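Have a look at the structure below before the remarks.
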Amino acid sequence: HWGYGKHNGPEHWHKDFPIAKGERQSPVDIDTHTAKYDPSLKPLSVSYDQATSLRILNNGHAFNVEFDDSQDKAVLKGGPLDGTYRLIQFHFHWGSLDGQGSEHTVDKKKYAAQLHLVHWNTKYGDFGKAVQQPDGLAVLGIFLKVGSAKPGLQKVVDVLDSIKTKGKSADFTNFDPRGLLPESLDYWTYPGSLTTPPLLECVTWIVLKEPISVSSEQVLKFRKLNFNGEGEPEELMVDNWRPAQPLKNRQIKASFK
Numbered sequence: 004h005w006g007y008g009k010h011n012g013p014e015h016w017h018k019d020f021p022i023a024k025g026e027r028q029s030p031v032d033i034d035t036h037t038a039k040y041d042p043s044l045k046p047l048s049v050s051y052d053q054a055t056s057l058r059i060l061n062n063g064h065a066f067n068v069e070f071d072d073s074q075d076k077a078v079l080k081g082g083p084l085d086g087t088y089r090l091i092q093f094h095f096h097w098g099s100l101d102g103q104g105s106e107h108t109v110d111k112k113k114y115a116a117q118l119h120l121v122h123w124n125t127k128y129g130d131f132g133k134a135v136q137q138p139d140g141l142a143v144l145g146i147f148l149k150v151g152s153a154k155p156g157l158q159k160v161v162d163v164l165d166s167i168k169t170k171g172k173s174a175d176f177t178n179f180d181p182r183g184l185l186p187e188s189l190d191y192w193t194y195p196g197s198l199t200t201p202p203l204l205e206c207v208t209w210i211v212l213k214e215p216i217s218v219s220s221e222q223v224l225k226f227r228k229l230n231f232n233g234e235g236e237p238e239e240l241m242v243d244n245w246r247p248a249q250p251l252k253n254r255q256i257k258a259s260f261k
């Protein structure tokens with residue numbers, strides 16, 4: 004089964020998911036110098052005032068906070084998108100050291116972690133159909149650097165004990181995703197794919213320029229998680245990130261100068 008180890012690692016995914024060597028794969032290295040500043044890009048409209056978080060679960064690859072997307076509760080609009088995209092879940096990617104952990108890099112610079120708030124195109129009915137389309141999902145990536153502590157993330161840091169091993173899940177109501185957002189909404193955007201199997205090419209990636217800060221001990225609790233299921237040898241969940249992929253026939257536009 005795919006994973007992040009030398010034997011089932013990101014370098015082996017192609018054998019099961021041929022699309023791993025596709026044309027529009029993610030993540031990629033954002034070269035800030037050759038990124039084409041596009042001025043016709045409307046600004047992001049993020050409305051998480053009505054968001055309903057529900058569960059948090061260790062899926063054996065990462066932990067996910069899930070939201071109720073049976074109605075336009077927390078939606079993403081603006082930017083390069085056409086239509087409403089509704090938040091279905093958010094997850095992280097982190098490293099075993101502070102100098103690695105992000106999937107996307109900026110001018111080859113790796114961050115301590117990276118958050119993906121996943122959204123699907125409502127013109128498509130459900131998430132399962134949305135992943136079948138070139139414009140199905142809109143993922144909002146945010147880099148995390150280690151410095152001061154992000155208060156709004158602590159709630160998540162506390163519950164991690166309850167879901168230490170692959171498979172455990174736990175109620176997680178009343179969580180506000182607005183506490184994870186940085187001050188500025190300037191971004192870079194480009195078309196890409198999911199960074200894990202099935203690695204479908206249905207994403208319009210929106211990577212915020214501005215990272216948020218988290219304390220060491222805050223990110224340190226991300227590293228105590230387990231890839232393994234209960235009653236199995238302990239394999240710590242660290243470095244659950246895919247390396248940067250070739251940009252190819254793509255252009256990264258930017259919403260700022």
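Throughout the sequence shown, residue numbering follows the deposited numbering, covering 4 to 125, 127 to 261 in sequence. Ideal placement from N, C-alpha and C gives every residue a C-beta, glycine not left out.
### Query
Short check: CB of residue 200 to CB of residue 64, under 8 Å?
For this step, residue 200 is matched to residue 196 along the sequence shown. For this step, residue 64 is matched to residue 61 along the sequence shown. Yes, Cβ-Cβ distance for residue 200 and residue 64 is below 8 Å.
#### Entry: For residue 42 and residue 94, the rounded distance between their alpha carbons
Position 91 of the sequence shown, counted from the start, is the residue given in the question as residue 94. Position 39 of the sequence shown, counted from the start, is the residue given in the question as residue 42. Answer to the nearest angstrom: the Cα atoms are 30 Å apart.
### 7 Å CB neighbourhood of residue 131 in its chain, flanking five on each side removed
Position 127 of the sequence shown holds residue 131. Excluding positions up to five away in sequence, the list reads 91, 123.
### Query
How would you label residue 85, buried or exposed, when you count the other beta carbons within 10 angstroms and need 16 or more for buried?
Stepping through the sequence shown from its first residue, residue 85 is reached at position 82. Exposed is the call here.
### Task
Quick one: residues in its chain with C-beta nearer than 7 Å to the C-beta of residue 140, no 5 flanking neighbours on either side, listed in chain order?
Stepping through the sequence shown from its first residue, residue 140 is reached at position 136. Excluding sequence neighbours, residue 140 sits near 123, 124, 128, 134, 206.
### Query
So who's on the other strand from residue 1, going by DSSP bridges?
Nothing in the structure corresponds to residue 1, since the chain is present only between 4 and 261.
### 7 Å CB neighbourhood of residue 166 in its chain, flanking five on each side removed
Reading the sequence shown from its first residue, position 162 is the one you call residue 166. The residues are 172, 174.
### Message
Which same chain residues end up closer than 8 Å to residue 72 when comparing Cβ atoms and leaving out the 5 residues on each side of it in sequence?
### Response
Taking the sequence shown and counting its residues from 1, one reaches residue 72 at position 69. Excluding sequence neighbours, residue 72 sits near 89, 90, 91, 123, 131.
### Beta-carbon proximity of residue 230 to residue 238, cut-off 8 Å
Position 226 of the sequence shown, counting from 1, holds the residue named residue 230. Position 234 of the sequence shown, counting from 1, holds the residue named residue 238. Against a cut-off of 8 Å, the Cβ pair of residue 238 and residue 230 comes out as a contact.
### Stretch pair the stretch 21–31 + the stretch 202–217: three plus CB contacts closer than 8 Å
yes
### Query
Which residues in the same chain have their Cβ closer than 6 Å to the Cβ of residue 160, if we skip the five residues on either side of it in sequence?
Here residue 160 corresponds to residue number 156 of the sequence shown, with the count starting at 1. So the list is empty, once near-sequence residues are dropped.
### Message
For residue 54, tell me which candidate among 146, 32, 20, 182 has the shortest Cα-Cα distance.
### Response
As a working mapping, residue 54 is identified with position 51 in the sequence shown. Per the Cα distances, 182.
### Message
Just to confirm my understanding: we take residue 153, look at its own chain, exclude 5 residues before and 5 after, and list those with CB closer than 7 Å. What are they?
### Response
For the purposes of this step, residue 153 is identified with residue 149 of the sequence shown, where counting begins at 1. So the qualifying residues of the chain are 218, 219, 222.
### Task
Measure the C-alpha to C-alpha separation of residue 234 and residue 103 and round it to an integer number of angstroms.
Taking the sequence shown and counting its residues from 1, the one referred to as residue 234 is at position 230. Taking the sequence shown and counting its residues from 1, the one referred to as residue 103 is at position 100. Residue 234 and residue 103: Cα-Cα distance of roughly 27 Å.
### Query
If we ignore side chains and look at the alpha-carbon of each, how far apart do residue 31 and residue 57 end up?
For the purposes of this step, residue 31 is identified with residue 28 of the sequence shown, where counting begins at 1. For the purposes of this step, residue 57 is identified with residue 54 of the sequence shown, where counting begins at 1. Cα to Cα, residue 31 sits roughly 31 Å from residue 57.
### Message
Do residue 48 and residue 81 count as a contact pair if the criterion is CB distance below 8 Å?
### Response
What you label residue 81 is simply residue 78 of the sequence shown in a count that begins at 1. What you label residue 48 is simply residue 45 of the sequence shown in a count that begins at 1. Against a cut-off of 8 Å, the Cβ pair of residue 48 and residue 81 comes out as a contact.
### Task
Give me the Cβ distance between residue 117 and residue 145, rounded to the nearest whole Å; I'm assuming they're in contact under 8 Å.
The residue given as residue 117 occupies position 114 in the sequence shown. The residue given as residue 145 occupies position 141 in the sequence shown. Correct: roughly 6 Å between the Cβ atoms.
#### Entry: Length of the line joining the Cα atoms of residue 255 and residue 214
Residue mapping note: residue 255 aligns to position 251 of the sequence shown, counting from 1. Residue mapping note: residue 214 aligns to position 210 of the sequence shown, counting from 1. Roughly 20 Å separates the two Cα atoms.
### Message
Could you tell me the alpha carbon to alpha carbon distance between residue 119 and residue 40, rounded to whole angstroms?
### Response
Here residue 119 refers to the residue found at position 116 when the sequence shown is read from its first residue. Here residue 40 refers to the residue found at position 37 when the sequence shown is read from its first residue. Approximately 23 Å, taken between the alpha carbons.
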